[PDB]
Every structure is written in C-alpha cells, then in structure tokens.
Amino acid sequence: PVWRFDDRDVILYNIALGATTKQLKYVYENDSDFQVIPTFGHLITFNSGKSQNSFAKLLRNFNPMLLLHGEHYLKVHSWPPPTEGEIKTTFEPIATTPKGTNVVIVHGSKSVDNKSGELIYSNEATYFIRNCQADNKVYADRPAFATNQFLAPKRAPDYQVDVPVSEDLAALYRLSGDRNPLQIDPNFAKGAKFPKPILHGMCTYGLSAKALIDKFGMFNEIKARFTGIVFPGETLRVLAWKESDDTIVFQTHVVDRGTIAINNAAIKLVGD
C-alpha cells in the first residue's frame, strides 16, 4: 500500500487547483519556496492500491456507481507536507450508519513515511452511498475537529472570492488519482442519476483550499461536508469567516444554481 510521488504529481495537482505561473512556488520544482497544497495528502485514498477499498467489507448491496463523497477530514502532522517520497497507508473502519435506504460510512487512515516511519497524514473519508445497507456500528474514535459542524456565524463573511471551474477540469484533476468514471463519462454519470458528469468532491475542496491559502495562508487541518453537487464549467463562491487567530470557517457555493456545495467546513492555520 505504498504511494510513490514526486514534483510532477505535486505540480499536476497544484495546477488543477488553479495554481498559475504567477505562483512559481506551486508550479516550478526548482523554486526556492516550492511546495504542495496540503489537501494533496488525501490522495492516499486513490494511490494506496487494493487495501483502500477495505471499507466495502462492511457494505451490503454496494454499487460503486451510487457512491458519493459525503465528507472529508485531513490532518497534516509533519510540516511542510513532502513534495517527493514514499508513503505507506494503513486503513481501518470508523463507523457505519444507515440513513434510510442509504448508508454513511466513515473510513479512517494513517499515512506514514515508508522510509522512516514518520506520521505525515491522517485521513477520514465519509461516503454517502445510495441504495446500500450496513450494520449500525461505531468501530473507532475520531478527533473533535473531524466531527465539528463548524456552523457559519450569522453575519457576512470576512472574506469572499469567486473561483471559475473549467468545463475540462475533471479530466485534468482526475489524473491525480481518482479515475472514477462518474466525473468523466456521461453514460456513467447518467446511471447515477445526474444529467452529465459531475466534479470530484475533492476538487471543489482543493479549489476552496487554494483560495483560502491565498488569503489566510497555509493550514495543517481541514474538514468539510459535501452538501451539493458541482458541475465542470460552473463558478464557485468561497465564503470565509475567521473565527479565531487559528480557525477559518467556510462555505463553498455554486453561483450558477445558487446552492451550497461545501458546508460545515473549516481550516486550521499553521502559525508563525
């Protein structure tokens, strides 16, 4: 379950989240401040091989076509996140909860340096799966940040910014590891009850992450709920509330349809 990556991966990922040559630190591997947007650490989800599917042991009548990314939580334990090297990931179940004819499963992971043993990333993916069953069980504990609902305060955001999503971004973003046909193949997306392919939840998430970093700087911790779908070609609106010296609460909206794509979300800033 070893993920091998280098600056090519870093740059291909950063570019997909909107890094331009105005920011050589994200797109040029020899730049003095070369760095990867920390949501990159989620990619153990897709590049750890067969063991990454171990959540499915707990599901009855699982059709991957009907799976949606429901929430994601990511912690970077070792700062800054590496731009090259080797990471070994170990997976474990956290919880399964029936929601009507749906299931919500929480899949937990730890990602270490495969050379040294050093803890680098921790992830908790939550899937919302339609027409699926599972036992009502809790298996493991979670950090508070991961279950914080991070309700936006009832006041205007301290910061707001629009982020265009290219019609072709899913095709580029998916090269980072998530080959799900759902986001590229119209006939597959049609079988999952969408009128055309949708945008990877983790893409919206990274686009939001990137926008927040330009404004508030780097973070080592992130959690969010995917509350509504995004299509390639649409324009996102990232709303940000600075709730402490440390913590930025946010929402990502779809300008075009007036829905909320990301809710119950926050980042925790690395300090100085």
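We number the residues from 1 along the sequence you see.
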Report summary line: Comparing mean C-alpha B factor in the record for 161-169 and 125-133, the higher one is 161-169
Report summary line: For 47-55 versus 221-229, entry-based mean Cα B-factors point to 47-55
Report summary line: Reading the B-factor column for Cα atoms of 80, 195, 181, 98, the highest value belongs to 80
Query - Highest recorded Cα temperature factor - choice among 190, 142, 107, 200 - result: 190
**Report entry** Assigned third (lowest, middle, highest) for the C-alpha B factor of residue 61
**Finding:** lowest
Query raised in the report: C-alpha B factor of residue 2, ranked within the chain: lowest, middle or highest third?
Result: highest
Query - B-factor third for the C-alpha atom of residue 252 within its chain - result: middle
Report summary line: Of the three thirds of Cα B-factor ranks in this chain, residue 213 occupies the middle
Requested in this report: Please rank the C-alpha B-factors of the chain's modelled residues and tell me whether residue 259 sits in the lowest, middle or highest third.
Outcome: highest
